[PDB]
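*Asks:* Sequence plus experimental coordinates follow:
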Amino acid sequence: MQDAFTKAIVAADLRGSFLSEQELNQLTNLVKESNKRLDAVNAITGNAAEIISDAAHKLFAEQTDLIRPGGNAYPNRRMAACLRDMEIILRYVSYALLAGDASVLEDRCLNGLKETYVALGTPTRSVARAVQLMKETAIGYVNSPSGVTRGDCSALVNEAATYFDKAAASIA
Amino acid sequence: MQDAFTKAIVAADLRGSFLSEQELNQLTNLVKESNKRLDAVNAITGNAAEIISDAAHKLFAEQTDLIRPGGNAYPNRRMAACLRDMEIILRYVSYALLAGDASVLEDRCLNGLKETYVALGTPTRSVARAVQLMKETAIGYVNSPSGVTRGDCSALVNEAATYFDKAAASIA
Amino acid sequence: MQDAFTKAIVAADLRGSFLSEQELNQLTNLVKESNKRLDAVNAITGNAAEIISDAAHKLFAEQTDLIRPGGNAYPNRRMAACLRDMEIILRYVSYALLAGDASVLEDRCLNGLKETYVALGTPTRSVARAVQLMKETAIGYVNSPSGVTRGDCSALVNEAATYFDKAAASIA
Amino acid sequence: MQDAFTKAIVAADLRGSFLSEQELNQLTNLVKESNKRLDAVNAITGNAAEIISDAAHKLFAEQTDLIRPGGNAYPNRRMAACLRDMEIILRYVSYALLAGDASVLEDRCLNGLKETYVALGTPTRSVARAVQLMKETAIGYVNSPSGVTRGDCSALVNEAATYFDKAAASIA
Amino acid sequence: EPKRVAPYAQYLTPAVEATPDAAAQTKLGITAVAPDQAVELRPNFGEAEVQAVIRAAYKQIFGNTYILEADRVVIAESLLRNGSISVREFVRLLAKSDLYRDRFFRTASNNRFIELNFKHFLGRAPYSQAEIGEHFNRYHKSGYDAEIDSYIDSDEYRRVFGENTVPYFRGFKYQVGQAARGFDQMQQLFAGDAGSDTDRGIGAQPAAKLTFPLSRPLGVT
Amino acid sequence: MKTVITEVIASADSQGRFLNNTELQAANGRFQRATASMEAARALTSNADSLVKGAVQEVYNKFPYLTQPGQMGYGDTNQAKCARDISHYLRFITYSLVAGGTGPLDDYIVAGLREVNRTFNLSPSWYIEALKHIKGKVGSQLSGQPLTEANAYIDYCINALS
Amino acid sequence: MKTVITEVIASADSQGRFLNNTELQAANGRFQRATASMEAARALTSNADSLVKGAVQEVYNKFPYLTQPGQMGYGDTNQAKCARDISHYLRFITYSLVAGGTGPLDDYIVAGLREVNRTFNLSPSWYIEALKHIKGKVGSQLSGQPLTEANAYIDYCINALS
Amino acid sequence: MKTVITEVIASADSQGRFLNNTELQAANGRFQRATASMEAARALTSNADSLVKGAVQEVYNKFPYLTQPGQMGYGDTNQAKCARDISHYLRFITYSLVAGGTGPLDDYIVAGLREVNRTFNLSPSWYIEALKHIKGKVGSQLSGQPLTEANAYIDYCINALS
Amino acid sequence: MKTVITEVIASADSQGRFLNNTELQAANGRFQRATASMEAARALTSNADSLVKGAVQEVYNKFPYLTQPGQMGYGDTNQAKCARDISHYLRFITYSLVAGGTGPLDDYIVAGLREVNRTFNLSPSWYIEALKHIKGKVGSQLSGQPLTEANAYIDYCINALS
Ligand SMILES: *[C@H](C)[C@H]1/C(=C/c2[nH]c(/C=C3N=C(/C=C4\NC(=O)C(CC)=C4C)C(C)=C\3CCC(=O)O)c(CCC(=O)O)c2C)NC(=O)[C@@H]1C
Ligand SMILES: *[C@H](C)[C@H]1/C(=C/c2[nH]c(/C=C3N=C(/C=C4\NC(=O)C(CC)=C4C)C(C)=C\3CCC(=O)O)c(CCC(=O)O)c2C)NC(=O)[C@@H]1C
Ligand SMILES: *[C@H](C)[C@H]1/C(=C/c2[nH]c(/C=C3N=C(/C=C4\NC(=O)C(CC)=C4C)C(C)=C\3CCC(=O)O)c(CCC(=O)O)c2C)NC(=O)[C@@H]1C
Ligand SMILES: *[C@H](C)[C@H]1/C(=C/c2[nH]c(/C=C3N=C(/C=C4\NC(=O)C(CC)=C4C)C(C)=C\3CCC(=O)O)c(CCC(=O)O)c2C)NC(=O)[C@@H]1C
Ligand SMILES: *[C@H](C)[C@H]1/C(=C/c2[nH]c(/C=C3N=C(/C=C4\NC(=O)C(CC)=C4C)C(C)=C\3CCC(=O)O)c(CCC(=O)O)c2C)NC(=O)[C@@H]1C
Ligand SMILES: *[C@H](C)[C@H]1/C(=C/c2[nH]c(/C=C3N=C(/C=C4\NC(=O)C(CC)=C4C)C(C)=C\3CCC(=O)O)c(CCC(=O)O)c2C)NC(=O)[C@@H]1C
Ligand SMILES: *[C@H](C)[C@H]1/C(=C/c2[nH]c(/C=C3N=C(/C=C4\NC(=O)C(CC)=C4C)C(C)=C\3CCC(=O)O)c(CCC(=O)O)c2C)NC(=O)[C@@H]1C
Ligand SMILES: *[C@H](C)[C@H]1/C(=C/c2[nH]c(/C=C3N=C(/C=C4\NC(=O)C(CC)=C4C)C(C)=C\3CCC(=O)O)c(CCC(=O)O)c2C)NC(=O)[C@@H]1C
Ligand SMILES: *[C@H](C)[C@H]1/C(=C/c2[nH]c(/C=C3N=C(/C=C4\NC(=O)C(CC)=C4C)C(C)=C\3CCC(=O)O)c(CCC(=O)O)c2C)NC(=O)[C@@H]1C
Ligand SMILES: *[C@H](C)[C@H]1/C(=C/c2[nH]c(/C=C3N=C(/C=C4\NC(=O)C(CC)=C4C)C(C)=C\3CCC(=O)O)c(CCC(=O)O)c2C)NC(=O)[C@@H]1C
Ligand SMILES: *[C@H](C)[C@H]1/C(=C/c2[nH]c(/C=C3N=C(/C=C4\NC(=O)C(CC)=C4C)C(C)=C\3CCC(=O)O)c(CCC(=O)O)c2C)NC(=O)[C@@H]1C
């Protein structure tokens, strides 16, 4: 697998060189943010169940037909899958967020996803939608927690977004 | 598998006929050479390690970049594979040589190899080169032994060549 | 596995020594008999089917109950197993005969067999009987072939016997 | 699995009670030693190869026969196993040392080891001996490192011992 | 003209009690299975080569019990020829067979069944009581098919014999992660080469015979 | 196809190792034998026909009722087939002698033998006689090792049939 | 590549569960340590060269015969290689410090180490000395945890080599 | 243990079939060869000692530094071991000649070779020289097939060592 | 043993679920049919003997040569066996009617049928005639569903034999 650190290494390796001092300073500062980074993750994981639950409700209020006979979220069996999937995607996103790198998300999770959806006849559009719905809810928590030292998390927040979006895009 | 004898059989079978007298005489002759044939094989197997070792050294002296960071024989892990592969090819070649038939070599070993190499980003050219380097060294032994009854092995030597070459070609 | 040669080696090894000249002469002699040895084996294999067939007939003529309802050779399924077993025993014996050593027979074939037979309820005595019936028939062939150069096979014949008997004993 | 902390928990659980203040203070202090604990482990792992190498030499100097033809460490294949085993035992011991609990060691490593050794015919006494030889060497490192803040490790040292000894005993 | 020559006789002299190498194997009759030959299906396989994998698979996967003509599964082994299914998929089809159920599961208790599935699917015996429980729960949620699938799809099965290799006895030699009890329990599950896992003696399969092992305390060191 | 040479290769190949002395020894065995084997094949190939006639015939003597109307032996088509079939057996045998292994026999004749025979109600017995009768004739034209070889293969079939 | 962070993800992923407190605790560990690790890397990176010279050299002192003609240590090409190689070892070590795991070492250096070394007849021993000599020098420029970290990784290789 | 005879049995056994002509051919090969093999063994067995001395010696010429104090070649114990070891190699080789297969070599010597050698820091190189030196001497006492056989086995080890 | 009842249990058991309506429906089927089945069995059981004589006899008419000396049909022992055997077939059939499944047939008769028959050179053909002749007689003593059932099972064997 990969993550922020490992990645920089690998680059350096192909040049055949020790890490540039400049490059260290990327990592040095990356470390400093750790604590923020962690809390971000913690927030998602802590609220996981809810994030999903929420997103789903909204998804089904919008696209009533999914839950009607003949739709893709009907019957129970299917519904279940749909929920499960949402969650997975989320799980991965979180992983990425910790790693500080999209890779894990792309390779384990997003790779092949579109095609699956296609083959089944699952409507990719709707899937993507769900992912966004999730995104917004999630940020909600990341950004409004309890007992955390007040400070600026924007940087992390945006990176979070991106991950969600890579997901949305590749599925869609 | 297949080999010289079995092959001739199979042909004969589809005609639906007993073996042609002419055809027997191929096999009859083939038998006569056996002893030579054997020694040839014995020579390769006996020197195996060396053949490779040698070829490798020369391969890397020529294509320095393979062993440079970013090249295909770097790092250790890869190098190891590269050595292993060379050997395998050799192993098969020997097998063929005994059988008196390319098949075994083509089917187990060569088939698909090019494409693999391609997908990985292994430079097929270099692989082929290695195979030749091997060829020459190998012949070296086959053709210059000690304590063997002196006589003409050319016929075998050439067949050996061909095997190596089929390899070189299909990889390349 | 083991056989006559390998065995002698191993013995020598525990003494920690090169092979005694005397001991070589055992093996040297053993070689000389090869041809005889081989033909012996060939005789069994050639007649296999029949040896069994025969033995069976006689076995069932004697022990009528085996084939009566409630007996061990009834119904078909059971009968079939019994036939298979006889063949296996024979097969091994032959193997031994070639090897020039009981071992193979003892380990693969006889090892565990008694206990199995017990668990099944199969009457060990009858099994043993079968083995003998086989023995006699088999020797019959070994000892009376056609188109073989006439000479003395006794030595081999006796060793054959022994193998059969080891079987009989360990089963019983 | 289990370790120092988990263990105390479990006890508390059966009483059905919150942890005693007294009991916390065990764990509180256990934490304080962590750093020492860690270094100890680090020392073993760092020297692993050597520890073994050493112990072996001494083992074979003492019990010459193990390496004599017919002995248990002869020939190569056996020798190899013997070395492998030593390593394993060591590996476990280390694990325990980190956990702060014998359990892990007892369950995966020790339990049934004696019986195995018995079935194989490997001499349990010698095994035990080896384990001790290891012990002493290992402590050697634990107790005499470089660049560590100087202080008292005894407590840890003794616990280490015990682990080794449990091993020795149960094997023996 | 070397001449000094340290004698080196003492090193050559035999041990007090000597064992041939592979004496341990010949006692315990694990000689045949200890290192165990792997059979692999290869590309453009011949007609005899496939016949040999089938022969192997039915010996390992089925128990060493006897497969009569009637018993054989025509459709599964036709697919194995022409490479429609891999050997890993072939094994899965064998494991879900009236025949596999009839022997093994239908007569056995779930403890004896799960312990049999370990062995035929993977040479090892069960390392611990947890493993037994994990499978027994799986069966109660999701039934025999998911139970079976969990061994063949297990990471351990895939790493040793991913696809294309018929399962062999990995027990009786040290496997990383093994846990002691490996060797001891495998000797109970594996009789001789004549022994088999049959029910034909008396309809029922025997009882688990690894329940008491698996739950033994460590002897007072 | 199973011949000596193919097998050792196979075994070597499975283990993933070079052909060492062990296997070559074996190969050598195959080649030494060949001279005799080849001789035997030349002999069978030449007398083929005559062997076949004789055999077919024999079968009928042995099983008179076959030639009666409404039976299998009756009416030329069947006789033709009967001939054809035995020819085949022979053909393959020669092949196997030359290939130096049972291979050819196994794959053409033996594999599927049972079911074919069952579905068309060919009695193994018949074939067997054919073979035996043959074996007896061959027992004149050949001698020494050549003979021995011929037998081996002929028998191999008898056993497979039975 | 095995680093603390990747592992916990892996473990989480296998069981199929979210990263819970358990794993984050672990991650936190990696990050706290980093400060020391990073320091060590800056120190090695700077003195690289000098360390390398010293090492290569050492090896020759330790094994004089290498420099004799017809040996491996002899003739510049070989010396160049020898240098290169050690550089590599060092390079990777730094990497591993920064990545906070053995990962980098395992995949570049260790995996396939044996066979490479066998086929080219590189004696592990040599490398080892190099490392040891290094370790000794590093044992001056560094101190406290930074030092400790440096050692760990250096050793890790010693053990892999031996 | 892998000999010609054991293998064919094994193969026969796996398929579940009787030993047919195929295998016997192979066996025959082993037996014909034996005469040469056996001869070779008698020759090595007799000159054993002298071969051993010569080899050990050689190694030291090849690697003078071994005999210096603080090295492996130094001090009698080590020399004794060195002798012992080579004796073994030889011993086994003879065995293998007689057994007609690499088996004896594989199971005693080859299996576990690497790790043993690694853990005790025995350099393969050494052994190799020993063998080579031997091979050269043997190349006088023997001739023709006997010789050829001797070589095969000797080499087999060289390759395993390297 | 495969009967309707055992199967549904088995299927229920595999899925791990209680017997629900699905299975009971099936069971019900078995029970209602039984009345006919049972009737059929009473009829066969009673006329057993007569059926057997008739069959054995038939076979001989169909294959006169069997009764000639040196054949299998010849000499009382063989005739006795022939009788015995057919009795068995019948016996089992009755069983199967009563058990309400092929189970009894499969396990006693069918499993291993081929090999037995091969090894003793019993020609399936014979048995078949026996059965057919039987079927014809049964086709008088019975009628309607009872008959239908009888046939089914009788046939089942014909197919297994062929
Ligand atoms: C939910 C927002 C939408 C939805 C989902 C849905 N998915 C399936 C079935 C599957 N979905 C997956 C998902 C994955 N495959 C992967 O590799 C990964 C990443 C690692 C995921 C997340 C897969 C494998 C399946 C097929 C197998 C399965 O049983 O899940 C369904 C059911 C499809 C069916 O016909 O049974 C559904 C409904 N579909 C919707 O309606 C939502 C918009
Ligand atoms: C960001 C989305 C929000 C935010 C984050 C934030 N956190 C801190 C500081 C810390 N957060 C943690 C949390 C953890 N450290 C760990 O080791 C673990 C795993 C067990 C966690 C969950 C810690 C320890 C710290 C340091 C001490 C502290 O809590 O102050 C800050 C302060 C700045 C910093 O980087 O330290 C901030 C800003 N706060 C916000 O305003 C966002 C909503
Ligand atoms: C060919 C590349 C070189 C060459 C070969 C050569 N060999 C022989 C003769 C024999 N060589 C062998 C070898 C074996 N027979 C076996 O059974 C085995 C495996 C156990 C081997 C290794 C044998 C037995 C013979 C026959 C007797 C002999 O003394 O050689 C010849 C002679 C011609 C012949 O076919 O008999 C030749 C020419 N000689 C060269 O100069 C080539 C470089
Ligand atoms: C012994 C039971 C009966 C017997 C045997 C016998 N055989 C020979 C001689 C040979 N038999 C063979 C047979 C083979 N050699 C092979 O390589 C193979 C496998 C391909 C076989 C089947 C051979 C080649 C010989 C040599 C030539 C010959 O046929 O003589 C003898 C002669 C003595 C000898 O030492 O060879 C004998 C006695 N003869 C009997 O009367 C026994 C009943
Ligand atoms: C070395 C100190 C002594 C020695 C060891 C030795 N062991 C074997 C063989 C085996 N060792 C084991 C042991 C283990 N299995 C486990 O699960 C564990 C950890 C939980 C261990 C430590 C096993 C299973 C075997 C048998 C299978 C295998 O080889 O892997 C031998 C070889 C004996 C044999 O005949 O196989 C030896 C020599 N014996 C000594 O002489 C030393 C005193
Ligand atoms: C005991 C065998 C030896 C010893 C140990 C010792 N260590 C310390 C202090 C520390 N040890 C470490 C080591 C680590 N901390 C970690 O986080 C890790 C894993 C990455 C390690 C390896 C650390 C960081 C400390 C704190 C700073 C320091 O090194 O001092 C002490 C100091 C007292 C204490 O209670 O910790 C001691 C005594 N000293 C001995 O006597 C032996 C040589
Ligand atoms: C026949 C002469 C006598 C007979 C034998 C008999 N055996 C069985 C059943 C089995 N026999 C074996 C034995 C072996 N398996 C092996 O691999 C070997 C050789 C290494 C042997 C000998 C086994 C394992 C079985 C069980 C078969 C299965 O798993 O289905 C039976 C049948 C008993 C049954 O009900 O299956 C019989 C009859 N018994 C006699 O009465 C004859 C005297
Ligand atoms: C001769 C002993 C008796 C006989 C024979 C007979 N055979 C058939 C039909 C077939 N015989 C074979 C045999 C082979 N075909 C093959 O492909 C091979 C292997 C290469 C063999 C050995 C086959 C396959 C058939 C069926 C296909 C076909 O019939 O063409 C018949 C025809 C019977 C029928 O059609 O029902 C006969 C009569 N007849 C005699 O005269 C002897 C009693
Ligand atoms: C230095 C202590 C001694 C020495 C070394 C030396 N090395 C080679 C050749 C190679 N060295 C390596 C090592 C690596 N290559 C890698 O990719 C990695 C991983 C990053 C390592 C550690 C390799 C693979 C080679 C083989 C071929 C190559 O071109 O690299 C040589 C040349 C030996 C040869 O046979 O070509 C030498 C001499 N040189 C000295 O002077 C010291 C004794
Ligand atoms: C000779 C070229 C060099 C030498 C050798 C030497 N060997 C050892 C120790 C061992 N050597 C072996 C080798 C074998 N022992 C076996 O059982 C087998 C298989 C039959 C072989 C090939 C073994 C296993 C050992 C280790 C066990 C033991 O104690 O002997 C030493 C001593 C090594 C040590 O560190 O104590 C030596 C020195 N001596 C020389 O002079 C040459 C350089
Ligand atoms: C009757 C149509 C022909 C005939 C038959 C006959 N059968 C045998 C021998 C056996 N027949 C059977 C049949 C069964 N035995 C069982 O256990 C079962 C399952 C319940 C069946 C169907 C068996 C197994 C045998 C072999 C053992 C035995 O001795 O009974 C023979 C004797 C064959 C021999 O070689 O002695 C005969 C003759 N007899 C006739 O007249 C018809 C041609």
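*Replies:* Cool, the structure landed. Numbers count the residues shown, from 1 in each chain, chains lettered A, B, ... in the order given. Ligands and ions are numbered 1, 2, ... in the order given.

*Asks:* Mind checking which residue lies nearest the centre of chain F?
*Replies:* Geometric centre of chain F, nearest residue: residue F:93, 3.4 Å, by CA atoms, centre = their mean.

*Asks:* Can you pull the phi and psi angles for residue E:122?
*Replies:* phi -140, psi 130 (degrees, to the nearest 10).

*Asks:* And residue E:107, by the same measure?
*Replies:* According to degrees, to the nearest 10, residue E:107 has phi -100, psi -20.

*Asks:* and chain E, which residues reach chain D?
*Replies:* By CB under 8 Å from any CB of the partner chain, the part of chain E that sits against chain D consists of E:11-21, E:23-24, E:27-28, E:174, E:179-185, E:187, E:216, E:218-219, E:221. C-beta coordinates here come from the backbone N, C-alpha and C atoms, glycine included.

*Asks:* What's the ChimeraX line that selects buried ones from these?
*Replies:* ChimeraX command restricting the residues of chain E next to chain D to the buried ones, with burial defined by 16 or more other CB atoms under 10 Å in any protein chain shown:
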select /E:11,12,14,15,18,19,20,21,23,24,28,179,180,181,182,183,184,185,187,218
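
*Asks:* Cross the residues of chain E next to chain D against helices and list the overlap.
*Replies:* Counting by DSSP state H, the residues of chain E next to chain D place E:11, E:12, E:23, E:24, E:182, E:183, E:184, E:185, E:187 in helices.

*Asks:* Residue E:175 is in contact with the fifth one, correct?
*Replies:* Yes. Distance between residue E:182 and residue E:175: 6.9 Å, which falls inside the contact criterion (CB atoms under 8 Å).

*Asks:* Now do the shared contacts for those two.
*Replies:* By CB atoms under 8 Å, 6 or more residues apart in numbering or on different chains, residue E:182 and residue E:175 have these common neighbours: residue E:124.

*Asks:* ok, stretch E:96-111 near chain C or not?
*Replies:* No. On the criterion CB under 8 Å from any CB, stretch E:96-111 is out of touch with chain C, staying 12.7 Å away.

*Asks:* Show the contacting residues for whichever residue of chain A sits closest to chain G.
*Replies:* Of all residues in chain A, residue A:34 sits closest to chain G, at 4.1 Å by CB to the nearest CB. Residue A:34 sits next to G:28, G:31 when contact means CB under 8 Å, 6+ apart.

*Asks:* Show the contacting residues for the residue most central in space within chain E.
*Replies:* Chain E has residue E:123 as the residue nearest its centroid, 2.7 Å off, counting by CA atoms, centre = their mean. Contacts of residue E:123 were listed using CB under 8 Å, 6+ apart, and they are E:36, E:167, E:168, E:169, E:170, E:171, E:172, E:186.

*Asks:* quick check, distance from the top helix by length along chain A to the centre of its chain.
*Replies:* Counting by DSSP H, the longest helix found in chain A is helix A:21-62. Distance of helix A:21-62 from the chain centroid (CA atoms, centre = their mean, to the nearest Å) equals 8 Å.

*Asks:* Tell me the first helix or strand C-terminal of that helix.
*Replies:* Note on helix A:21-62: by DSSP states H and E, the next helix or strand toward the C-terminus is helix A:76-99.

*Asks:* how would you label the closest residue to residue E:33 other than its chain neighbours: helix, strand or coil?
*Replies:* Distance criterion CB to CB, 6 or more residues apart in numbering or on different chains; nearest residue to residue E:33, sequence neighbours excluded, is residue E:169 at 4.5 Å. Of the three states, residue E:169 takes coil according to DSSP: H, G, I helix; E, B strand; the rest coil.

*Asks:* Next: the one 3 residues further on.
*Replies:* Taken by three-state DSSP, the conformation at residue E:172 corresponds to coil.

*Asks:* since we're on it, how many residues are nearby?
*Replies:* Counted with other CB atoms under 10 Å in any protein chain shown, residues neighbouring residue E:172 total 21.

*Asks:* May I have the residues that are in contact with it?
*Replies:* For residue E:172, the contact set (CB under 8 Å, 6+ apart) comprises E:30, E:33, E:34, E:123, E:183, E:186, E:187, E:190.

*Asks:* mind putting these in JSON lines, distance to residue A:92 included?
*Replies:* Listed next are those as JSON lines, based on distance: CB to CB, whole Å:
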{"residue": "E:30", "distance to residue A:92": "46"}
{"residue": "E:33", "distance to residue A:92": "43"}
{"residue": "E:34", "distance to residue A:92": "44"}
{"residue": "E:123", "distance to residue A:92": "35"}
{"residue": "E:183", "distance to residue A:92": "41"}
{"residue": "E:186", "distance to residue A:92": "40"}
{"residue": "E:187", "distance to residue A:92": "45"}
{"residue": "E:190", "distance to residue A:92": "43"}
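
*Asks:* OK, now which residue of chain F is nearest to ligand 3?
*Replies:* Closest to ligand 3 within chain F is residue F:28: 3.4 Å, counting by CB to the nearest ligand atom.

*Asks:* Could you check which helix or strand contains that residue?
*Replies:* If you go by DSSP H and E, residue F:28 is part of helix F:21-62.

*Asks:* quick one: that helix near chain H?
*Replies:* Yes. Residues of helix F:21-62 contacting chain H under CB under 8 Å from any CB: F:21, F:22, F:25, F:26, F:27, F:28, F:29, F:30, F:32, F:33.

*Asks:* And the next helix-or-strand element following that helix, what's buried?
*Replies:* Sequence order places helix F:76-99 as the next helix or strand after helix F:21-62, per DSSP H and E. Buried residues in helix F:76-99, counting neighbours by 16+ other CB under 10 Å, are found at F:79, F:82, F:85-87, F:89-99.

*Asks:* pretty sure residue A:31 is touching residue G:30, no?
*Replies:* No. The criterion here is CB under 8 Å, and residue A:31 misses it with residue G:30 at 9.4 Å.

*Asks:* Please work out how many residues are found near residue A:84.
*Replies:* By other CB under 10 Å, 10 other residues sit near residue A:84.

*Asks:* And residue E:65, by the same measure?
*Replies:* Residues within reach of residue E:65, counting by other CB under 10 Å, total 17.

*Asks:* Ligand 4 versus that one, what's the distance?
*Replies:* 35 Å (CB to the nearest ligand atom, to the nearest Å).

*Asks:* On the three-state scheme, that residue is what?
*Replies:* At residue E:65 the chain is in coil, as set by three-state DSSP.

*Asks:* May I have the residues that are in contact with it?
*Replies:* Taking CB under 8 Å, 6+ apart, we find residue E:65 in contact with E:103, E:196, E:197, E:198, E:200.

*Asks:* from these, which single one is nearest ligand 3?
*Replies:* residue E:196 (40.8 Å).

*Asks:* And for that closest one, the neighbour number?
*Replies:* The number of residues packed near residue E:196 is 19, by other CB under 10 Å.

*Asks:* contacting residues for the nearest residue to it once chain neighbours are set aside?
*Replies:* Nearest non-adjacent residue to residue E:196, counting by CB to CB, 6+ apart: residue E:64, 3.8 Å away. Taking CB under 8 Å, 6+ apart, we find residue E:64 in contact with E:193, E:195, E:196, E:197.

*Asks:* And the residue of chain A found nearest chain B, its phi and psi?
*Replies:* The nearest approach of chain A to chain B comes at residue A:16, 3.7 Å away (CB to the nearest CB). Reported as degrees, to the nearest 10, the phi and psi values for residue A:16 are phi 90, psi 20.
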